[PDB]
Amino acid sequence: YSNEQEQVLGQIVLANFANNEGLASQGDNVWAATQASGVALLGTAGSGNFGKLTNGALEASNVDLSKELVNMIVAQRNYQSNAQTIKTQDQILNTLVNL
Amino acid sequence: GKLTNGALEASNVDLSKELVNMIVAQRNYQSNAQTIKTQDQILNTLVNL
Amino acid sequence: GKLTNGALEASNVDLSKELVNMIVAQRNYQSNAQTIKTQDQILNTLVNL
Amino acid sequence: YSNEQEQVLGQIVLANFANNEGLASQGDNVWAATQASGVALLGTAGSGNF
Amino acid sequence: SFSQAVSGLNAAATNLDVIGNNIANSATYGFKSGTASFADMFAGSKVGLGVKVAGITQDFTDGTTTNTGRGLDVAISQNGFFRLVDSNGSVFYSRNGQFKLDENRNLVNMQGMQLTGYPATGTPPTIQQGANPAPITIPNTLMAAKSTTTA
Amino acid sequence: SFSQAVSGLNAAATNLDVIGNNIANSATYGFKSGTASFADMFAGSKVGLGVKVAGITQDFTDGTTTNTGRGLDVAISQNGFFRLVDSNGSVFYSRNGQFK
Amino acid sequence: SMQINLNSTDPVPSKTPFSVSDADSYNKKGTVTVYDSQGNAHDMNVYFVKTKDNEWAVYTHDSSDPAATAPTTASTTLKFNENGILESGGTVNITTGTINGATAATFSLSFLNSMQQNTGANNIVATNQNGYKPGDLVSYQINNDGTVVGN
Amino acid sequence: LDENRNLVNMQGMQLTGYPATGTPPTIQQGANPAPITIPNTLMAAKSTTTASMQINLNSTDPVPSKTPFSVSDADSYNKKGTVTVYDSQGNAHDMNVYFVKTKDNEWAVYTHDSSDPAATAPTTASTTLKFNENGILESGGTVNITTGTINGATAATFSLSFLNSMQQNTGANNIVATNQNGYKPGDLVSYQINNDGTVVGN
Amino acid sequence: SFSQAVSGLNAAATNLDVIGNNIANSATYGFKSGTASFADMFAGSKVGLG
């Protein structure tokens with residue numbers, strides 16, 4: 001304030017879950033707690049089992065582009081292999097029908 | 001805030017940050033283009049069965 | 001709206017967004033042609049009975 | 001409006017059915033209510049089962 | 001007999017879609033990558049009926065912390081989730097720390113979801129670490145004065 | 001399928017347009033930088049339908065003050081906006097202090 | 001139910017008697033949201049005040065009732081043994097107030113599994129209650145074991 | 001890690017293994033495998049039952065000048081050390097151990113609890129460490145020590161050891177090792193699986 | 001990947017700006033010089049991001 005005095009308006013609460021993999025993503029970089037993830041355990045930053053908060057900073061995504069590209073290549077090759085299997089079954093069925 | 005006479009507030013655009021972000025963005029765009037290329041090859045493979 | 005003299009309103013066609021749609025529509029067209037070919041083979045195997 | 005004030009004209013209604021699969025398609029990306037689907041339940045977006 | 005080949009093609013398509021989605025959300029502060037988990041579906045016979053996707057598992061590893069600077073921006077380290085509420089009272093969780101004050105002076109993210117926390121009450125206000133979490137507000141009302149009682 | 005990659009390309013293009021607007025406006029008194037904020041589009045399935053541009057956020061950091069020697073030039077330090085009126089009486093707000 | 005952990009090193013508050021407005025008059029405050037017969041939310045505040053080592057007076061108040069009487073008598077007394085395990089006073093029957101004519105709810109509040117040892121500070125391990133508010137059907141599902149569940 | 005704190009695979013089948021029983025918990029391999037679970041159950045405190053203080057002593061130290069002993073006066077003793085023990089509630093008791101050289105190779109050690117404000121200062125020898133011809137500890141290496149009663153917690157009595165302590169021409173008296181088996185309550189911070197299959201919660 | 005080099009470049013730019021500001025105030029009565037303080041940004045992985 002302007003009177004050389006400050007006030008506290010609130011304290012941001014943090015949530016921790018037993019099962020992180022159980023949280024169902026609802027989009028808009030937002031998660032919703034469900035039965036598999038359990039009930040949310042609430043607390044404050046830096047106390048208990050919570051990490052502290054960094055001010056003036058944002059956490060970026062953990063997506064590495066190189067690994068994604070290589071996995072895309074491998075998955076494309078696997079998809080084409082499965083398509084080859086489908087073609088094989090097609091030729092087998094065509095051979096039997098042409099009998 | 002107070003007003004300073006005889007001067008202007010310049011832009012807050014730092015050029016080095018913009019250049020680095022441009023490099024990152026272009027690469028991301030190229031990665032997404034590669035994704036589209038992969039899915040295009042997938043659809044071609046399935047069609048040509 | 002306002003009128004700006006000495007200026008022209010360019011088109012609103014973005015080439016990137018278009019080329020991608022061209023690829024997608026090409027794939028849709030090829031899929032429909034594949035369906036046509038399938039029905040053609042259906043009629044063929046029925047006729048040759 | 002131009003008088004620095006906004007005015008509401010209406011609210012879009014949303015309809016949910018007990019049986020979506022029972023809806024009889026009429027074409028033109030349009031569905032029609034039938035006995036199999038049941039009577040449509042009306043409501044507002046973002047509330048209840050909407 | 002396409003029982004296996006069709007399932008394999010579907011699994012490969014799902015994995016490729018997951019990879020493409022990961023590629024697309026590369027610049028989404030608060031995004032965690034995903035990986036498809038596959039399982040076979042042997043059923044009675046030994047012929048290996050096919051494959052199925054057992055689920056999609058997130059990768060909840062902390063991303064790089066970038067000092068954008070905007071004061072409201074808060075990055076979270078280690079474990080924890082930011083808690084938000086929509087207009088209908090539902091509770092949601094997010095690692096994205098890009099916040100702004102709306103017209104009613106309520107801390108909201110880009111989508112308008114109200115950030116929650118322990119509110120303060122009393123004179124002087126004290127953080128009610130017990131009080132059920134409430135949306136955080138930053139009123140601009142003028143602050144009253146306290147008569148001198150201890151010096 | 002195609003939708004995820006299309007959304008990713010659109011988001012990358014929007015980011016690049018924001019960067020281009022910022023870099024072309026590096027020399028503009030009172031201009032504030034912009035940054036695109038992205039959000040994913042999960043809907044029911046866990047497949048991650050894609051990404052979308054949640055918005056473009058301005059950065060209202062006080063820029064460097066540059067003198068010019070003109071008596072009608074004034075800059076707003078810290079917070080504050082110049083209030084302006086057009087021909088129709090509509091109100092507007094700007095940080096640029098070049099007046100004539 | 002309210003499982004809490006209390007610190008054995010906390011000094012006895014100076015400001016006798018206990019006052020809800022006086023923060024210095026109590027050691028710890030917690031909140032539990034219960035629901036009455038009609039479905040109104042009662043934010044029951046539970047206050048822990050240390051009296052003598054191995055003794056904690058517990059007071060209760062209704063923060064949703066504007067006509068609730070100010071608590072002047074200790075609601076119960078938690079006594080922890082020399083090993084820090086709760087020995088007596090862990091259960092008490094508590095009745096809330098009346099809001100807009102709704103029937104007050106009488107429920108048993110249990111401090112089972114609460115322990116007093118040398119922790120960092122007073123922290124509430126867990127809170128739970130078996131009441132709820134009216135709910136509208138949102139979704140339905142069939143689980144792995146065949147049970148049909150409506151959320 | 002599911003909602004019930006068990007280790008399960010993607011399909012939900014629970015991983016099995018040898019459970020841990022006893023205090024301190026150890027893997028008992030004589031039992032049948034059981035599903036592995038990781039509870040948040042706070043860990044209780046352990047009052048100390050065994051403490052150890054290995055120290056090296058200087059031979060050239062002169063005897064204390066200001067007889068008698070006072071815990072307040074620094075010149076009244078040769079050395080002072082601190083060991084933190086824990087009672088039934090996990091409260092910290094700071095045992096100060098005082099070394100006064102009495103005769104050649106003979107060192108009286110006093111024990112005083114500084115965490116209890118109402119405890120009286122010791123006036124009589126708690127133990128007399130005897131060192132042989134060359135450091136080698138001779139006798140008096142183990143002493144029963146009783147804590148004070150603080151905040152209603154049970155006082156923890158324990159055996160405090162000076163084994164392998166030496167007294168030679170070392171430059172000065174400095175503590176080499178202090179150990180104790182007690183700990184204060186702690187909450188679950190992390191969990192890990194070792195390369196030998198053990199699941200360990202930190 | 002890119003974030004590490006981005007952080008390094010931003011730190012170097014901040015140091016350069018601080019040095020330039022100090023030089024610009026070479027003749028400024030009562031001015032005290034400034035120096036940037038740097039710290040690594042390890043987060044979980046042993047790579048040490050930035």
# chains A, B, ... in the order shown; residues from 1 in each chain; ligands from 1
call {"tool": "calpha_fit_and_write", "arguments": {"fixed": "chain C", "moving": "chain B", "output": "PDB file with N, CA and C atoms, in the first residue's frame"}}
result
ATOM      1  N   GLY B   1     -16.652   0.922 -40.811  1.00  0.00           N
ATOM      2  CA  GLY B   1     -15.277   1.139 -40.422  1.00  0.00           C
ATOM      3  C   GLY B   1     -14.666   2.332 -41.132  1.00  0.00           C
ATOM      4  N   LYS B   2     -13.519   2.762 -40.613  1.00  0.00           N
ATOM      5  CA  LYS B   2     -12.837   3.923 -41.158  1.00  0.00           C
ATOM      6  C   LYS B   2     -12.058   3.555 -42.418  1.00  0.00           C
ATOM      7  N   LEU B   3     -11.744   4.577 -43.209  1.00  0.00           N
ATOM      8  CA  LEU B   3     -10.983   4.389 -44.436  1.00  0.00           C
ATOM      9  C   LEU B   3      -9.552   4.877 -44.260  1.00  0.00           C
ATOM     10  N   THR B   4      -8.601   4.058 -44.701  1.00  0.00           N
ATOM     11  CA  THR B   4      -7.185   4.395 -44.649  1.00  0.00           C
ATOM     12  C   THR B   4      -6.726   4.773 -46.051  1.00  0.00           C
ATOM     13  N   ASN B   5      -6.232   5.999 -46.201  1.00  0.00           N
ATOM     14  CA  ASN B   5      -5.822   6.506 -47.501  1.00  0.00           C
ATOM     15  C   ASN B   5      -4.382   6.109 -47.805  1.00  0.00           C
ATOM     16  N   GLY B   6      -4.090   5.953 -49.095  1.00  0.00           N
ATOM     17  CA  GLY B   6      -2.748   5.609 -49.520  1.00  0.00           C
ATOM     18  C   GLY B   6      -2.366   4.162 -49.323  1.00  0.00           C
ATOM     19  N   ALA B   7      -3.341   3.262 -49.203  1.00  0.00           N
ATOM     20  CA  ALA B   7      -3.061   1.854 -48.967  1.00  0.00           C
ATOM     21  C   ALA B   7      -4.235   1.007 -49.435  1.00  0.00           C
ATOM     22  N   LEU B   8      -3.972  -0.288 -49.614  1.00  0.00           N
ATOM     23  CA  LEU B   8      -4.976  -1.243 -50.059  1.00  0.00           C
ATOM     24  C   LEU B   8      -5.094  -2.383 -49.058  1.00  0.00           C
ATOM     25  N   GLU B   9      -6.288  -2.962 -48.985  1.00  0.00           N
ATOM     26  CA  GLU B   9      -6.511  -4.150 -48.172  1.00  0.00           C
ATOM     27  C   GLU B   9      -6.109  -5.380 -48.973  1.00  0.00           C
ATOM     28  N   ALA B  10      -5.067  -6.069 -48.518  1.00  0.00           N
ATOM     29  CA  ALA B  10      -4.595  -7.261 -49.206  1.00  0.00           C
ATOM     30  C   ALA B  10      -5.568  -8.416 -48.976  1.00  0.00           C
ATOM     31  N   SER B  11      -5.331  -9.517 -49.684  1.00  0.00           N
ATOM     32  CA  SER B  11      -6.168 -10.697 -49.543  1.00  0.00           C
ATOM     33  C   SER B  11      -5.929 -11.347 -48.182  1.00  0.00           C
ATOM     34  N   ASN B  12      -6.914 -12.125 -47.731  1.00  0.00           N
ATOM     35  CA  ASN B  12      -6.820 -12.834 -46.460  1.00  0.00           C
ATOM     36  C   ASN B  12      -6.485 -14.307 -46.663  1.00  0.00           C
ATOM     37  N   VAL B  13      -5.850 -14.646 -47.780  1.00  0.00           N
ATOM     38  CA  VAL B  13      -5.514 -16.029 -48.098  1.00  0.00           C
ATOM     39  C   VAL B  13      -4.163 -16.358 -47.477  1.00  0.00           C
ATOM     40  N   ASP B  14      -4.168 -17.250 -46.488  1.00  0.00           N
ATOM     41  CA  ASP B  14      -2.925 -17.741 -45.913  1.00  0.00           C
ATOM     42  C   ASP B  14      -2.497 -19.014 -46.632  1.00  0.00           C
ATOM     43  N   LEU B  15      -1.274 -19.004 -47.160  1.00  0.00           N
ATOM     44  CA  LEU B  15      -0.815 -20.048 -48.071  1.00  0.00           C
ATOM     45  C   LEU B  15      -0.628 -21.402 -47.391  1.00  0.00           C
ATOM     46  N   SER B  16      -0.113 -21.418 -46.159  1.00  0.00           N
ATOM     47  CA  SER B  16       0.130 -22.684 -45.474  1.00  0.00           C
ATOM     48  C   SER B  16      -1.173 -23.438 -45.235  1.00  0.00           C
ATOM     49  N   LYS B  17      -2.212 -22.721 -44.803  1.00  0.00           N
ATOM     50  CA  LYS B  17      -3.515 -23.345 -44.598  1.00  0.00           C
ATOM     51  C   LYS B  17      -4.047 -23.921 -45.903  1.00  0.00           C
ATOM     52  N   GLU B  18      -3.882 -23.180 -47.003  1.00  0.00           N
ATOM     53  CA  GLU B  18      -4.340 -23.665 -48.298  1.00  0.00           C
ATOM     54  C   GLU B  18      -3.602 -24.934 -48.704  1.00  0.00           C
ATOM     55  N   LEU B  19      -2.287 -24.979 -48.476  1.00  0.00           N
ATOM     56  CA  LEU B  19      -1.518 -26.172 -48.817  1.00  0.00           C
ATOM     57  C   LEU B  19      -1.963 -27.380 -47.999  1.00  0.00           C
ATOM     58  N   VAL B  20      -2.153 -27.194 -46.691  1.00  0.00           N
ATOM     59  CA  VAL B  20      -2.571 -28.313 -45.848  1.00  0.00           C
ATOM     60  C   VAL B  20      -3.961 -28.795 -46.251  1.00  0.00           C
ATOM     61  N   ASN B  21      -4.876 -27.859 -46.520  1.00  0.00           N
ATOM     62  CA  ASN B  21      -6.212 -28.243 -46.960  1.00  0.00           C
ATOM     63  C   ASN B  21      -6.162 -28.968 -48.298  1.00  0.00           C
ATOM     64  N   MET B  22      -5.259 -28.552 -49.188  1.00  0.00           N
ATOM     65  CA  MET B  22      -5.096 -29.244 -50.462  1.00  0.00           C
ATOM     66  C   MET B  22      -4.640 -30.681 -50.246  1.00  0.00           C
ATOM     67  N   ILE B  23      -3.697 -30.887 -49.323  1.00  0.00           N
ATOM     68  CA  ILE B  23      -3.227 -32.242 -49.032  1.00  0.00           C
ATOM     69  C   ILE B  23      -4.371 -33.102 -48.503  1.00  0.00           C
ATOM     70  N   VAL B  24      -5.119 -32.541 -47.556  1.00  0.00           N
ATOM     71  CA  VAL B  24      -6.280 -33.279 -46.982  1.00  0.00           C
ATOM     72  C   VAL B  24      -7.267 -33.589 -48.109  1.00  0.00           C
ATOM     73  N   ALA B  25      -7.617 -32.584 -48.912  1.00  0.00           N
ATOM     74  CA  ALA B  25      -8.639 -32.788 -49.962  1.00  0.00           C
ATOM     75  C   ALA B  25      -8.192 -33.885 -50.930  1.00  0.00           C
ATOM     76  N   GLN B  26      -6.938 -33.841 -51.374  1.00  0.00           N
ATOM     77  CA  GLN B  26      -6.483 -34.837 -52.378  1.00  0.00           C
ATOM     78  C   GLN B  26      -6.645 -36.229 -51.767  1.00  0.00           C
ATOM     79  N   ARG B  27      -6.200 -36.402 -50.521  1.00  0.00           N
ATOM     80  CA  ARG B  27      -6.285 -37.730 -49.864  1.00  0.00           C
ATOM     81  C   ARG B  27      -7.753 -38.161 -49.803  1.00  0.00           C
ATOM     82  N   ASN B  28      -8.647 -37.273 -49.360  1.00  0.00           N
ATOM     83  CA  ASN B  28     -10.093 -37.612 -49.352  1.00  0.00           C
ATOM     84  C   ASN B  28     -10.488 -38.092 -50.750  1.00  0.00           C
ATOM     85  N   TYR B  29     -10.118 -37.334 -51.782  1.00  0.00           N
ATOM     86  CA  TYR B  29     -10.468 -37.713 -53.145  1.00  0.00           C
ATOM     87  C   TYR B  29      -9.948 -39.107 -53.469  1.00  0.00           C
ATOM     88  N   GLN B  30      -8.723 -39.419 -53.041  1.00  0.00           N
ATOM     89  CA  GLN B  30      -8.180 -40.750 -53.288  1.00  0.00           C
ATOM     90  C   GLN B  30      -8.964 -41.819 -52.533  1.00  0.00           C
ATOM     91  N   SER B  31      -9.412 -41.508 -51.314  1.00  0.00           N
ATOM     92  CA  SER B  31     -10.223 -42.465 -50.566  1.00  0.00           C
ATOM     93  C   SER B  31     -11.548 -42.737 -51.276  1.00  0.00           C
ATOM     94  N   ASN B  32     -12.188 -41.685 -51.789  1.00  0.00           N
ATOM     95  CA  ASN B  32     -13.436 -41.883 -52.523  1.00  0.00           C
ATOM     96  C   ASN B  32     -13.202 -42.656 -53.820  1.00  0.00           C
ATOM     97  N   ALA B  33     -12.067 -42.412 -54.477  1.00  0.00           N
ATOM     98  CA  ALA B  33     -11.717 -43.190 -55.661  1.00  0.00           C
ATOM     99  C   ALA B  33     -11.542 -44.663 -55.314  1.00  0.00           C
ATOM    100  N   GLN B  34     -10.931 -44.950 -54.161  1.00  0.00           N
ATOM    101  CA  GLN B  34     -10.814 -46.332 -53.708  1.00  0.00           C
ATOM    102  C   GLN B  34     -12.184 -46.947 -53.452  1.00  0.00           C
ATOM    103  N   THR B  35     -13.115 -46.160 -52.910  1.00  0.00           N
ATOM    104  CA  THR B  35     -14.478 -46.653 -52.715  1.00  0.00           C
ATOM    105  C   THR B  35     -15.124 -47.028 -54.048  1.00  0.00           C
ATOM    106  N   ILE B  36     -14.966 -46.163 -55.052  1.00  0.00           N
ATOM    107  CA  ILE B  36     -15.505 -46.461 -56.382  1.00  0.00           C
ATOM    108  C   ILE B  36     -14.860 -47.720 -56.947  1.00  0.00           C
ATOM    109  N   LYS B  37     -13.549 -47.868 -56.748  1.00  0.00           N
ATOM    110  CA  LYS B  37     -12.851 -49.063 -57.216  1.00  0.00           C
ATOM    111  C   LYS B  37     -13.410 -50.319 -56.561  1.00  0.00           C
ATOM    112  N   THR B  38     -13.657 -50.253 -55.250  1.00  0.00           N
ATOM    113  CA  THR B  38     -14.208 -51.401 -54.536  1.00  0.00           C
ATOM    114  C   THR B  38     -15.578 -51.783 -55.080  1.00  0.00           C
ATOM    115  N   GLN B  39     -16.448 -50.792 -55.288  1.00  0.00           N
ATOM    116  CA  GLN B  39     -17.786 -51.104 -55.787  1.00  0.00           C
ATOM    117  C   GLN B  39     -17.735 -51.601 -57.229  1.00  0.00           C
ATOM    118  N   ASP B  40     -16.777 -51.098 -58.012  1.00  0.00           N
ATOM    119  CA  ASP B  40     -16.587 -51.602 -59.367  1.00  0.00           C
ATOM    120  C   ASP B  40     -16.182 -53.071 -59.351  1.00  0.00           C
ATOM    121  N   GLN B  41     -15.266 -53.439 -58.453  1.00  0.00           N
ATOM    122  CA  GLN B  41     -14.889 -54.843 -58.316  1.00  0.00           C
ATOM    123  C   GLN B  41     -16.079 -55.689 -57.880  1.00  0.00           C
ATOM    124  N   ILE B  42     -16.914 -55.152 -56.990  1.00  0.00           N
ATOM    125  CA  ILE B  42     -18.117 -55.867 -56.557  1.00  0.00           C
ATOM    126  C   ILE B  42     -19.023 -56.158 -57.747  1.00  0.00           C
ATOM    127  N   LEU B  43     -19.289 -55.137 -58.562  1.00  0.00           N
ATOM    128  CA  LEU B  43     -20.170 -55.325 -59.709  1.00  0.00           C
ATOM    129  C   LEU B  43     -19.562 -56.288 -60.721  1.00  0.00           C
ATOM    130  N   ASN B  44     -18.243 -56.222 -60.921  1.00  0.00           N
ATOM    131  CA  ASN B  44     -17.592 -57.183 -61.808  1.00  0.00           C
ATOM    132  C   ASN B  44     -17.757 -58.606 -61.293  1.00  0.00           C
ATOM    133  N   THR B  45     -17.578 -58.805 -59.986  1.00  0.00           N
ATOM    134  CA  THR B  45     -17.737 -60.132 -59.402  1.00  0.00           C
ATOM    135  C   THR B  45     -19.153 -60.651 -59.610  1.00  0.00           C
ATOM    136  N   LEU B  46     -20.149 -59.790 -59.403  1.00  0.00           N
ATOM    137  CA  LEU B  46     -21.534 -60.232 -59.554  1.00  0.00           C
ATOM    138  C   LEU B  46     -21.880 -60.512 -61.012  1.00  0.00           C
ATOM    139  N   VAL B  47     -21.353 -59.709 -61.939  1.00  0.00           N
ATOM    140  CA  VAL B  47     -21.626 -59.930 -63.357  1.00  0.00           C
ATOM    141  C   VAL B  47     -20.986 -61.228 -63.830  1.00  0.00           C
ATOM    142  N   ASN B  48     -19.757 -61.496 -63.381  1.00  0.00           N
ATOM    143  CA  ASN B  48     -19.009 -62.630 -63.913  1.00  0.00           C
ATOM    144  C   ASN B  48     -19.491 -63.958 -63.339  1.00  0.00           C
ATOM    145  N   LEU B  49     -20.561 -63.940 -62.549  1.00  0.00           N
ATOM    146  CA  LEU B  49     -21.126 -65.178 -62.014  1.00  0.00           C
ATOM    147  C   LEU B  49     -21.577 -66.111 -63.134  1.00  0.00           C
TER     148      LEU B  49
END
call {"tool": "select_by_dssp", "arguments": {"residues": "chain D", "states": "strand (DSSP E or B)", "output": "mmCIF file with N, CA, C and O atoms, in the first residue's frame"}}
result
data_model
loop_
_atom_site.group_PDB
_atom_site.id
_atom_site.type_symbol
_atom_site.label_atom_id
_atom_site.label_comp_id
_atom_site.auth_asym_id
_atom_site.auth_seq_id
_atom_site.Cartn_x
_atom_site.Cartn_y
_atom_site.Cartn_z
ATOM 1 N N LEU D 14 -29.673 -25.969 -24.963
ATOM 2 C CA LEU D 14 -29.077 -27.254 -25.289
ATOM 3 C C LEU D 14 -30.032 -28.371 -24.898
ATOM 4 O O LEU D 14 -30.679 -28.320 -23.848
ATOM 5 N N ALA D 15 -30.122 -29.383 -25.753
ATOM 6 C CA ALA D 15 -31.015 -30.508 -25.532
ATOM 7 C C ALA D 15 -30.213 -31.795 -25.421
ATOM 8 O O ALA D 15 -29.342 -32.072 -26.250
ATOM 9 N N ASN D 16 -30.515 -32.576 -24.387
ATOM 10 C CA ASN D 16 -29.908 -33.885 -24.196
ATOM 11 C C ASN D 16 -30.994 -34.949 -24.167
ATOM 12 O O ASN D 16 -32.097 -34.720 -23.663
ATOM 13 N N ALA D 24 -33.575 -40.298 -34.938
ATOM 14 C CA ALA D 24 -33.769 -40.558 -36.358
ATOM 15 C C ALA D 24 -33.132 -39.433 -37.163
ATOM 16 O O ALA D 24 -33.585 -38.284 -37.099
ATOM 17 N N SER D 25 -32.084 -39.760 -37.915
ATOM 18 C CA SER D 25 -31.393 -38.755 -38.708
ATOM 19 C C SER D 25 -32.253 -38.322 -39.890
ATOM 20 O O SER D 25 -32.782 -39.157 -40.629
ATOM 21 N N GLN D 26 -32.393 -37.010 -40.060
ATOM 22 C CA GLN D 26 -33.179 -36.438 -41.145
ATOM 23 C C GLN D 26 -32.318 -35.891 -42.278
ATOM 24 O O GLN D 26 -32.860 -35.311 -43.222
ATOM 25 N N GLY D 27 -31.002 -36.059 -42.205
ATOM 26 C CA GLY D 27 -30.115 -35.464 -43.182
ATOM 27 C C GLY D 27 -29.835 -34.011 -42.869
ATOM 28 O O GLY D 27 -30.383 -33.420 -41.937
ATOM 29 N N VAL D 30 -28.772 -32.970 -39.302
ATOM 30 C CA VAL D 30 -29.914 -32.657 -38.453
ATOM 31 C C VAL D 30 -30.523 -33.955 -37.940
ATOM 32 O O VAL D 30 -30.675 -34.921 -38.695
ATOM 33 N N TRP D 31 -30.870 -33.972 -36.651
ATOM 34 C CA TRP D 31 -31.539 -35.100 -36.022
ATOM 35 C C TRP D 31 -32.942 -34.687 -35.606
ATOM 36 O O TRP D 31 -33.216 -33.498 -35.421
ATOM 37 N N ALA D 32 -33.826 -35.669 -35.460
ATOM 38 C CA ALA D 32 -35.190 -35.441 -35.000
ATOM 39 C C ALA D 32 -35.499 -36.352 -33.822
ATOM 40 O O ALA D 32 -35.059 -37.503 -33.785
ATOM 41 N N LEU D 41 -34.564 -33.307 -23.123
ATOM 42 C CA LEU D 41 -34.434 -32.501 -21.916
ATOM 43 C C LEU D 41 -33.690 -31.219 -22.266
ATOM 44 O O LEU D 41 -32.574 -31.266 -22.791
ATOM 45 N N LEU D 42 -34.307 -30.079 -21.969
ATOM 46 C CA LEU D 42 -33.753 -28.779 -22.310
ATOM 47 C C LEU D 42 -32.973 -28.206 -21.133
ATOM 48 O O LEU D 42 -33.246 -28.517 -19.970
ATOM 49 N N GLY D 43 -31.993 -27.372 -21.449
ATOM 50 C CA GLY D 43 -31.208 -26.739 -20.410
ATOM 51 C C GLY D 43 -30.239 -25.735 -20.992
ATOM 52 O O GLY D 43 -30.276 -25.422 -22.183
#
call {"tool": "atom_distance", "arguments": {"atom1": "atom CA of residue E:121", "atom2": "atom CA of residue E:106"}}
result
16.9 Å
call {"tool": "select_by_dssp", "arguments": {"residues": "chain A", "states": "alpha helix (DSSP H)", "output": "ChimeraX atom specification"}}
result
/A:65-97
call {"tool": "write_last_selection", "arguments": {"atoms": "C-alpha atoms", "output": "mmCIF file, in the first residue's frame"}}
result
data_model
loop_
_atom_site.group_PDB
_atom_site.id
_atom_site.type_symbol
_atom_site.label_atom_id
_atom_site.label_comp_id
_atom_site.auth_asym_id
_atom_site.auth_seq_id
_atom_site.Cartn_x
_atom_site.Cartn_y
_atom_site.Cartn_z
ATOM 1 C CA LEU A 65 11.512 -32.761 -30.433
ATOM 2 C CA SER A 66 14.338 -35.133 -31.422
ATOM 3 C CA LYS A 67 12.863 -38.100 -29.551
ATOM 4 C CA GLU A 68 9.423 -37.293 -30.955
ATOM 5 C CA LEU A 69 10.735 -37.241 -34.535
ATOM 6 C CA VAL A 70 12.610 -40.533 -34.130
ATOM 7 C CA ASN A 71 9.572 -42.188 -32.536
ATOM 8 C CA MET A 72 7.449 -40.862 -35.403
ATOM 9 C CA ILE A 73 9.814 -42.500 -37.900
ATOM 10 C CA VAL A 74 9.704 -45.826 -36.047
ATOM 11 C CA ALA A 75 5.910 -45.729 -35.707
ATOM 12 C CA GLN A 76 5.530 -44.932 -39.415
ATOM 13 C CA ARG A 77 7.636 -47.982 -40.241
ATOM 14 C CA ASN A 78 5.544 -50.158 -37.911
ATOM 15 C CA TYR A 79 2.340 -48.844 -39.507
ATOM 16 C CA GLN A 80 3.657 -49.703 -42.974
ATOM 17 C CA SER A 81 4.598 -53.192 -41.754
ATOM 18 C CA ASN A 82 1.054 -53.739 -40.489
ATOM 19 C CA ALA A 83 -0.283 -52.468 -43.822
ATOM 20 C CA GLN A 84 1.932 -55.048 -45.538
ATOM 21 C CA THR A 85 0.359 -57.723 -43.328
ATOM 22 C CA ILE A 86 -3.094 -56.493 -44.377
ATOM 23 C CA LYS A 87 -2.045 -56.696 -48.031
ATOM 24 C CA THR A 88 -0.795 -60.254 -47.477
ATOM 25 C CA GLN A 89 -4.161 -61.320 -46.070
ATOM 26 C CA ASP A 90 -5.880 -59.553 -48.975
ATOM 27 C CA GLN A 91 -3.858 -61.535 -51.517
ATOM 28 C CA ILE A 92 -4.549 -64.787 -49.651
ATOM 29 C CA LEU A 93 -8.302 -64.151 -49.671
ATOM 30 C CA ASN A 94 -8.219 -63.116 -53.341
ATOM 31 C CA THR A 95 -6.383 -66.336 -54.214
ATOM 32 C CA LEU A 96 -8.990 -68.403 -52.380
ATOM 33 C CA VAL A 97 -11.950 -66.612 -53.991
#
call {"tool": "residues_around", "arguments": {"residues": "residue D:48", "least_positions_apart": "4", "cutoff": "10 Å", "atoms": "only C-alpha atoms", "output": "VMD selection string"}}
result
(chain D and resid 43 to 44) or (chain E and resid 88) or (chain G and resid 135 to 139)
call {"tool": "interface_residues", "arguments": {"of": "chain E", "to": "chain I", "cutoff": "9 Å", "atoms": "only C-alpha atoms", "output": "ChimeraX atom specification"}}
result
/E:61-67,77-78
call {"tool": "residues_around", "arguments": {"residues": "stretch 42-47 of chain F", "least_positions_apart": "3", "cutoff": "8 Å", "atoms": "only C-alpha atoms", "output": "PyMOL selection string"}}
result
(chain A and resi 24-28) or (chain E and resi 14+17-18+55-56) or (chain F and resi 50)
call {"tool": "atom_distance", "arguments": {"atom1": "atom CA of residue G:64", "atom2": "atom CA of residue E:118"}}
result
17.1 Å
call {"tool": "residues_around", "arguments": {"residues": "residue I:22", "least_positions_apart": "4", "cutoff": "10 Å", "atoms": "only C-alpha atoms", "output": "PyMOL selection string"}}
result
chain I and resi 16-18+26-28+31-35
call {"tool": "interface_residues", "arguments": {"of": "chain A", "to": "chain H", "cutoff": "8 Å", "atoms": "only C-alpha atoms", "output": "count of residues only"}}
result
9
call {"tool": "closest_residue", "arguments": {"among": "F:38, F:99, F:81, F:60", "to": "residue E:27", "atoms": "only C-alpha atoms"}}
result
F:38
call {"tool": "closest_atom_pairs", "arguments": {"of": "chain F", "to": "chain D", "cutoff": "12 Å", "atoms": "only C-alpha atoms", "output": "tab-separated table"}}
result
residue	atom	partner	partner_atom	distance
F:88	CA	D:2	CA	10.2
F:89	CA	D:2	CA	10.3
F:90	CA	D:2	CA	8.9
F:91	CA	D:4	CA	10.3
